4 protein chains.
Amino acid sequence: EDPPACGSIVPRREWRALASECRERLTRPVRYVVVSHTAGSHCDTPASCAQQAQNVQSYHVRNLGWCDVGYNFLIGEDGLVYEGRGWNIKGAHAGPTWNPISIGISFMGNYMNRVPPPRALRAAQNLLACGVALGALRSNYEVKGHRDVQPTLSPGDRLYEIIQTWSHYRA
Amino acid sequence: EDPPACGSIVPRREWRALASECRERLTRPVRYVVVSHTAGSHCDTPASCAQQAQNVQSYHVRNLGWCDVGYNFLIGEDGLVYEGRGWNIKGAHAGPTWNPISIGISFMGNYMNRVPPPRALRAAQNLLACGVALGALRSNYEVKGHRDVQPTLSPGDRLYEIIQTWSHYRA
Amino acid sequence: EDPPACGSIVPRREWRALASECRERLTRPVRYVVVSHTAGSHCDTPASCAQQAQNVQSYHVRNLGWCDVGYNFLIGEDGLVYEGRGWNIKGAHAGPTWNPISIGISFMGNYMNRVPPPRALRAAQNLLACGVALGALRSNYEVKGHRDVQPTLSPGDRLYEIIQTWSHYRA
Amino acid sequence: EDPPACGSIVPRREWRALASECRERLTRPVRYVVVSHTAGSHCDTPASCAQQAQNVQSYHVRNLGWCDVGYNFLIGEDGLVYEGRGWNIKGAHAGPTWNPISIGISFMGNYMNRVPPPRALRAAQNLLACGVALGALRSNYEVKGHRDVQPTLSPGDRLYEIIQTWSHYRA
Ligand SMILES: C[C@@H]1O[C@@H](O)[C@H](O)[C@H](O)[C@H]1O
Ligand SMILES: C[C@@H]1O[C@@H](O)[C@H](O)[C@H](O)[C@H]1O
């Protein structure tokens, strides 16, 4: 029961998401953070990004039949963090061997030959710090690239190149 | 990484702020937090809100002749916190009585007949948390409305209405 | 494909290890072997050793917050070999440079001024034969002392004198 | 504040160190300090201590092939602090997770069953004080024992008790 200053996330209700049907739990504290991109359209306004959020979720629920948006958190170029499955629920984002032991945050857009705006990157790092503050992540958490845990170009050449310079990125 | 979980603050360099020339320091740790509103135009996108912060500052500088924008921090309806004088430079937002002992945060726009979006209110409270963590604010910091410390209509009926709701608000 | 049996290794399950969280893997055939000691208290029975193994691991994962006991294997004076991270998962025993290119077997005890029993040396020398037969080690693997790659007394003077004698030892 | 303020540190060239080859930089203000012990022999004269520093260095340099002695600063029982790689160069003293966010100070000697002389203990505190005065160390910095972040007997049972008494110790 000790929260030492977290960070500000846009609530599910706010971006008008569909109700989650997920019930599987992620045992705290989490050791790995897997970064990826949605390979979708980017948005740079709280308005546009709220929409982007649902398109991704509806695509995961309505078409892939998952219980909720696959990622735990979403990052927008508007500089806000959109709440996915959150800290407590296991998500579907990086394969069966990795989904149970990691939090998956995904930047909204296709960063293969484009870079996230400084605020996007800030929001993401800040988010992780809150994680450690809340104890959802261990202090020695490890940030891994999506392409480091499975065959995919995600999170995109330019964004990947960037997260490799992060304090907690492990080979 | 500005020390702990400091809820993504937009740097001076990012909103193209004029160089500050103030040099009166703030006696750490501060006890009060005065809230206000610029009573100017409100903005709802990072793009528009950076352009607005610029307007506010150039006005305090080019026209009023102050060493820099008067507030320590500016909050946008874009749900982002814009760096002003910061946690260490004494502001110019609530008179000679309160400037040297409180931190000043202003919401961009006029909140007499308008209400700030939740993402903005969220950004502010999240800003104060990072305040304590940093040691710039007393864990037992008290929030006052601009009205409470100076004869002014700011922070606008509607917004003042809400800050009284804050657990740290005093009379 | 015709044996090769050399697996006289006590399984993690058998000494009641904690669930490992480690996921990075070594590439067969591993070229180097780094011998170290735990600088702790020794054990000369299958009972006291399973105890000591739980201890070393308890320290690594509970105090150091590591994904699992850092060694790949642990040799006891009871003449047995205790499965640590095994032949496939990169251990954490000699640093960022050697961890990826080697396997770390560690003698449970402090041999600064003691020589391990002949049955422990045998167990170790024997374990290495395994690696070769299974293909986990290059037939021409090189043995290095812990102090040879890191600032430490490990594996102890007496034991170090011994390993310098080994045929696969190398500069 | 007020100057000059710092302590008495024996310059690198005074103990005739070999030219550092390290280029990786630390980011001040540093948050953590890791106390360790060379585990080797002690010295009680500027004469023998200046010699010791070299032994340690040559060992980390030509035996391990490192860019310089692993520690940022070395403490001698002569009552002096020997400059290691200093306040700005990342050292190699406590693993890849701590080297980038800490300053490594090592007491030359072995303190498993030997306490350091008051002189040594003062040199160490003065150093840290001087580190805060210089903006090299964060004011609320935290101290940790080598063994708290890595598998090692260091800094020695005796010293470990001594530092666990410090106002900045936090494990
Ligand atoms: C072609 C493929 O398309 C999507 O799955 C992503 O953008 C991925 O990164 C890219 O490699
Ligand atoms: C007195 C003060 O003047 C300006 O700052 C604005 O009009 C504000 O709303 C008003 O309260």
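Reference entry: report on the structure contained in this document.

Along its length, chain A carries four helices and six strands. Taking 171 residues into account, the globule formula puts the C-alpha radius of gyration at 16 Å, and chain A, at 14 Å, falls close to it. By principal-axis analysis of the C-alpha atoms, chain A measures approximately 35 × 35 × 30 Å. Burial analysis of chain A (171 residues in total) assigns 57% to the buried set. Look at the contacts in chain A between residues 6 or more apart in sequence, and 73% of them connect residues 24 or more apart. Surface summary for chain A: the accessible area is close to 7,400 Å², and the carbon and sulfur share equals 48%. Charged side chains of chain A number 18 positive and 14 negative; the gap between the two group centres comes to 3 Å.

Here we take up the pairing of strand β5 (residues 102-107) of chain D. Of all six residues making up β5(D), six are buried, and the element is well covered by its neighbours. In β5(D), alternate side chains face the same way, and those of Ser102(D), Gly104(D) and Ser106(D) on one face and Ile103(D), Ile105(D) and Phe107(D) on the other are all buried.

Attention now moves to the site of ligand 1. All names here are of chain A. Taken together, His37, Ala39, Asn110, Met112, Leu153 and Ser154 are the residues near ligand 1. Relative to its unbound accessible surface of 300 Å², ligand 1 loses 49% to contact with the protein. Looking at the shell around ligand 1, its residues break down into three nonpolar, three polar and no charged.

On to the sheet that holds strand β2 (residues 30-37) of chain C. Neighbouring strands of a sheet are bound in pairs by backbone hydrogen bonds; such pairs are parallel or else antiparallel. All names here are of chain C. Spatial ordering of the open sheet is given by β1-β4-β3-β5-β2-β6, a layout of six strands whose pairing is mixed. Only two strands of the sheet have a single neighbouring strand rather than two, namely β1 (9-10) and β6 (137-145). Bridge analysis of β2 against strand β5 (residues 102-107) gives six bridges, and the strand direction is parallel. Bridge assignment links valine 35 to a residue of β5, and that residue is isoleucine 105.

With that settled, the discussion passes to the interface of chain A and chain C. Residue-level contacts link 10 residues of chain A with eight residues of chain C. Counting each side, the surface lost to burial between chain A and chain C is near 640 Å², with a carbon and sulfur contribution of 35%. Three residues, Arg31(A), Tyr32(A) and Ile101(A), lead the burial of chain A against chain C; their summed loss comes to 50% of the area buried on that side. In this assembly, chain A and chain C are joined by one salt bridge.

With that out of the way, let us pick up the interface of chain A and chain B. On the chain B side, the residues contacting the 21 residues of chain A number 22 residues. Across the chain A/chain B interface, buried area totals approximately 1,400 Å², and carbon plus sulfur atoms make up 54% of it. The largest contributions to the chain A side of the interface with chain B come from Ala5(A), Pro46(A) and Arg122(A), which together make up 34% of the buried area. Counting every contact that joins chain A to chain B gives three salt bridges. Measuring nitrogen to oxygen at the nearest pair gives 3.7 Å for the salt bridge that ties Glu14(B) to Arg119(A). Inspection of the region where chain A meets chain B yields five residue pairs in polar contact. Sorting the residues of the side of chain A that touches chain B by element identifies β1 (9-10) and α2 (118-134) of chain A as the ones contributing at least two each. When its residues are assigned to classes, the side of chain A that touches chain B shows 11 nonpolar, five polar and five charged.

All right, on to the side chain of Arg138(D) then. Structurally, the position occupied by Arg138(D) is in strand β6 (residues 137-145). We note that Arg138(D) is buried and unpaired, the nearest opposite charge coming from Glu1(B) at a distance of 4.6 Å.

This part covers the packing of aromatic side chains. In the structure shown here, the tally under the stated rule is 16 aromatic pairs over all chains. Plain terms: the ring middles of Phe107(C) and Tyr111(C) are 6.4 Å apart, the flat faces sit at 75° to each other, and that makes the pair edge-to-face. In this structure, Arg147(A) is placed above the aromatic ring of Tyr160(A), and the distance from its NZ or CZ to the ring centre is 4.4 Å.

Analysis parameters
Residues numbered from 1 in each chain as written, not as in the entry; some residues may be left out. Chains lettered and ligands numbered in written order. Heavy atoms only, no water. Helix = DSSP H or I, 4+ residues; strand = E, 2+ residues; numbered from the N terminus. Rg over C-alpha atoms; globule rule 2.2 N^0.38 Å. Buried < 20%, exposed > 50% of the residue type's maximum accessible area, 1.4 Å probe, protein only. Contact = heavy atoms within 4.5 Å. Areas by Shrake-Rupley, 256 points an atom, 1.4 Å probe, with all protein chains shown as cover. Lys, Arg positive; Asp, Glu negative; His and termini not counted. Charge placed at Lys NZ, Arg CZ, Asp CG, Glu CD. Near = heavy atom within 4 Å. Nonpolar A, V, L, I, M, F, W, Y, C, P; charged D, E, K, R; others polar. Pairing = 2+ DSSP bridges. Buried area = accessible area lost by both parts, 1.4 Å probe. Salt bridge = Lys/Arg side-chain N within 4 Å of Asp/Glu carboxyl O. Polar contact = N/O pair within 3.5 Å; in protein donor to acceptor, adjacent residues only side chain to side chain. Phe/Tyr/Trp six-rings, centres within 6.5 Å; stacked < 30°, edge-to-face > 60°. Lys NZ or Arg CZ within 6 Å of the ring centre and 35° of its normal.

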